[PDB]
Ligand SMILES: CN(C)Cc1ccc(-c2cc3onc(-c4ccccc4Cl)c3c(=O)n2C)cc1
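Form solved without this ligand, single chain, as C-alpha cells, below.
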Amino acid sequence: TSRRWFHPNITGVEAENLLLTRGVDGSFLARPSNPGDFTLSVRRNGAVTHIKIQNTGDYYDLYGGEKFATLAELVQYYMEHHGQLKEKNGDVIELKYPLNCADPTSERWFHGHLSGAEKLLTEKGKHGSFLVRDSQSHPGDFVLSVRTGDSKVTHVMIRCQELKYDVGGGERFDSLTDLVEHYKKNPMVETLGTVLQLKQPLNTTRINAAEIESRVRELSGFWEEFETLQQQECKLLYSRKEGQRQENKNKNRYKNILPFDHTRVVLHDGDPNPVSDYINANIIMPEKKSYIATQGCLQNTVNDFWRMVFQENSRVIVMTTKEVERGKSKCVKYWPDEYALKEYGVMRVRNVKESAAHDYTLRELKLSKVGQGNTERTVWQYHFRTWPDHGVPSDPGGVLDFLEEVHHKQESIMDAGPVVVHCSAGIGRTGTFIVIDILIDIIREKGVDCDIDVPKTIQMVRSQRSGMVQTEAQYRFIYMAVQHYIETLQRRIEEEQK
C-alpha cells in the first residue's frame, strides 16, 4: 500500500503542529520514541491525543488497545473497525485520515549523500535499477540516476520549488516518494526513444559473510537499515480470514496476531462432530530445511498442536520461552513429566528422558496415534530457558550452541518434517531464531566466502508469517549471531593451521 503515516525523524511538538495545521479531526500518524517504543498521535475535537505503543520483542502493545504483529496491521485494524479504540474513560478515538510523511530517509531508492553513484549502478545495478541522491551544486535539489540496457546511466534533475518536487515540467509533487511512484507507473521517455523504466532500487544490504565484522562496525546505522525494512511491511498485508472466524477466535493466543491463509498449517483427519482444520501456525520455506512458526500452546489447542506435529512428520520442537514470564502465561505445558505417558485427544506422548544444559533442556518425546501400533516416532523438544523477559541476550554464544545442536538432530533424522519453532505469539523470538538458522545454514553449505542479505531474508520470512523479527534489538542480535558464527569458524581454521 503506502506506510506514509509513519514519520521516522519527528518530535512530539512537531507531530502536534502537523496534525493541527495539515490535518483535521480523525487525522493520525505513528512516530518512534523514551527510546525503544512508539507513539500514535491522533487529532480529536481540535486536540492532539498521544497513545503509547510498546514492543519488548513479542508484539506491538497499544495502551488501552490490542496487541499486533506490525504497525501496518494495527493501522489497518482501526481504520476498518472504528468503535474499537477508546481512552481510559471510554471515549472513542477515530483513525480516519493518515498524515503522509515527506521524509524519504526510510526509502530503499534514497541514498542521500552519494556523489555524481554511477559506479554503484555499474557494479550492482541491472536494467531498470534506480537511485535518488541529494544535488551537489544546488542545495535542496535532488538527482535521479537510472540504469538501462542489456548500457547507460541516465541522470534526471529533480528541482525543489516552494516545497514541491518536479523534473523540469509537468506535475509538481508534495514529496520525493510521490514523484518516484508516478514516474514508476508513467515512465519517462528520452529524446531518442529510450524508456526510463524504474523497476527495482539499488541493493545496498547484501554483504559477503566473511566481511560481517566490517559491516557491523559501520552499522555501529542499524536503526536506519531496520526502518527501511519496516517501510516494506505495507506490501505484506496478506489475507488472514481463517483466523478471523468466530469458530477460531478462542484458538488464538492474541486475537489480532493471526496466520496468513496462503501459508497456514491446515489440519486434516479431524473430529466431524465445527472447524477442525485450524491452528495459529505457518509453514516457513527459505526462498532443504523448513520451519513451522507457531504461538505458545493454549489448553484448548494442545490437541491441535500434537495433531500438527504428527501430520507434518515433525521430529524437532524449538521452544524459546518459559511457561510463565513476568507472572503471565506465555505457553501451557503440552508435554508430560519425565517418564510419564499422556494422551492428548487422539495423540499419545511419552517423555523418555530429560537432559539439562545451562541454557536449555532436551526432552526425548515419543509421539503416536491412540489405537495404532507402528505410528510411533521420536520428537526431540529443545526448550531454551535463558532468554531474558525483555530484549535479547548480551552474548549470542548460548543461542548458537543451541541452534547447532538443533540443526545436528534434524540432519541426523531421515525423512524428518519441518522444525516446529514457537515462543509466545510466535513472531518475535520465533522469527529471530528461524532467520539466524537460515543465514547460518547458507554459511554451513557455501562456506565463509558467500553472499548474505539480512533484510531480504527477513522480508521473505515476513511474507510467510506476520511480523517475523519484532524489534531493532532482535535485528542487531541477528547480525551479532552471524558475526560470532563466522568468528568461531575462522578460529577453528586457524587452530588447525597453527
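The first residue of the sequence shown is number 1, and the count goes up from there.
Unmodelled stretch separating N89 from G90: none (count of deposited-sequence residues without coordinates). Per the record, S137 and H138 follow each other directly, and no deposited residue is missing between them. Averaged over Cα atoms, the B-factor as recorded in the entry is higher for 121 to 129 than for the other of 121 to 129 and 227 to 235. Of the two segments examined, 23 to 31 and 446 to 454, it is 446 to 454 that shows the higher average Cα temperature factor in the deposited entry. Taking the deposited Cα B-factors for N300, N313, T321, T191, the highest one is held by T191. The maximum CA B-factor among the listed residues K52, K67, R465, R44, taken from the PDB record, is found at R44. Looking at the C-alpha B-factors along this chain, the one for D441 belongs to the middle third.
Compared with the other modelled residues of the chain, the Cα B-factor recorded for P396 ranks in the middle third.
Ranked by C-alpha B-factor against the other modelled residues of its chain, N17 falls in the highest third. Per the deposited record, the Cα B-factor of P98 falls in the middle third when ranked against the other modelled residues of its chain.
Sorting the modelled residues of the chain by their CA temperature factor places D174 in the middle third.
Missing here is the form solved in complex with this ligand; even so, the following discussion is about that form.
Of the stretches 344 to 352, 372 to 380, 222 to 230, 163 to 171, only 222 to 230 has residues with a heavy atom within 4.5 Å of this ligand in the deposited complex. For the options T194, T204, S329, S412, the residue carrying a heavy atom within 4.5 angstroms of this ligand in the deposited complex is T204. For the candidate set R363, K289, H111, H407, a heavy atom within 4.5 Å of this ligand in the deposited complex is found for exactly one residue, namely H111.
Although the partner is absent from this view, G467 stays clear of this ligand in the deposited complex, with no non-hydrogen atom inside 4.5 angstroms. In the deposited complex, at least one heavy atom of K456 sits within 4.5 Å of a heavy atom of this ligand.
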